[PDB]
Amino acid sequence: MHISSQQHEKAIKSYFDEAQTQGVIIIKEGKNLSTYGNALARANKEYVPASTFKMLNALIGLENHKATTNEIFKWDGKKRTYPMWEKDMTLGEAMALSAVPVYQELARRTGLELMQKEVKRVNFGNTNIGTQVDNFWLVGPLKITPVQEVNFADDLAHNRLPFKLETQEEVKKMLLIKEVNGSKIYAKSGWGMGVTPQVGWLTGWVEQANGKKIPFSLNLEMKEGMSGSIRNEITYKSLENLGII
């Protein structure tokens, strides 16, 4: 339409400035990547994936028969950081709650040798998981850039990753987080607190009413004290600004 690129860029930058943090959002339309936000150089820097790795953990675990989508992972009765984690959950429920204890169990079922082979086969990020199967996506050594995250979201949204179609569809069903008019937003959040500085993610895609899918990845610096909902607020204001939703 009639709004200049200068004005779109200024508006999206201001969403990050108003939240008092530093970040980028990458949007892909077809093969074209557009970078917006207030710290554009973050686009090709590596950060831990944190809870965004649960997308790939779920695909690996389902494809290799380490879980089913209806299996209930029981809470072991020990105290958790968050009360909503102190309950029995399917992978889908654990995805929406970012319940790392469920995904650590799934990683342990997959085990280090298979985990490293699958992460290499999908060529996710720097592809390095090191020697600790239960925390490699949290504290290193696995890292990924925001460009690589939006390209992963593009691959999953279009069923292009090297898994069965059914496996990709099962995991995509776990990622629906919002519906706006007739658009649907599928995405996974992350907040890596085990590194310094802390990293915030929201990576996913918009499925528009006509069926087109527009992948995006938000990446920002988080600080103890911030609200996790700023990730969604920035992302939705940016997508609305560009007329994607």
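Here the rigid core means the biggest group of C-alpha atoms that line up within 1.5 Å when the two forms are laid on top of each other. One-based numbering along the sequence shown.
S.K.: Is the larger C-alpha RMS shift in 5 other deposited structures of this protein, relative to this form with the rigid core superposed, found in 28-36 or in 216-224?
M.R.: Higher root mean square deviation of C-alphas in 5 other deposited structures of this protein is shown by 216-224.
S.K.: Highest mean C-alpha temperature factor of the two stretches 212-220 and 173-181, which is it?
M.R.: For C-alpha atoms only, the mean B-factor is higher in 173-181.
S.K.: When the Cα temperature factors in the entry are averaged, is it 159-167 or 140-148 that ends up higher?
M.R.: Higher of the two, by average CA B-factor, is 159-167.
S.K.: Among 81, 98, 104, 110, where is the Cα temperature factor highest, going by the PDB entry?
M.R.: The record points to 81.
S.K.: From 59, 50, 41, 195, which pick has the Cα B-factor that tops the rest in the entry?
M.R.: So the option with the highest C-alpha B-factor is 195.
S.K.: Hey, what third does residue 232 fall into on Cα B-factor, ranked over its chain?
M.R.: Residue 232: CA B-factor falls in the highest third of its chain.
S.K.: What third of the chain does residue 9 rank in for C-alpha temperature factor, lowest, middle or highest?
M.R.: It falls in the bottom third of the chain.
S.K.: When the modelled residues of the chain are sorted by Cα temperature factor, does residue 66 land in the lowest, middle or highest third?
M.R.: CA B-factor rank for residue 66: middle third.
S.K.: Taking the chain's C-alpha temperature factors as the reference, tell me which third residue 28 falls into: lowest, middle or highest.
M.R.: For residue 28, the deposited C-alpha B-factor lands in the middle third.
S.K.: Which third, lowest, middle or highest, does the CA B-factor of residue 90 fall in along this chain?
M.R.: Its C-alpha B-factor, which the entry lists for residue 90, ranks in the lowest third among residues of this chain.
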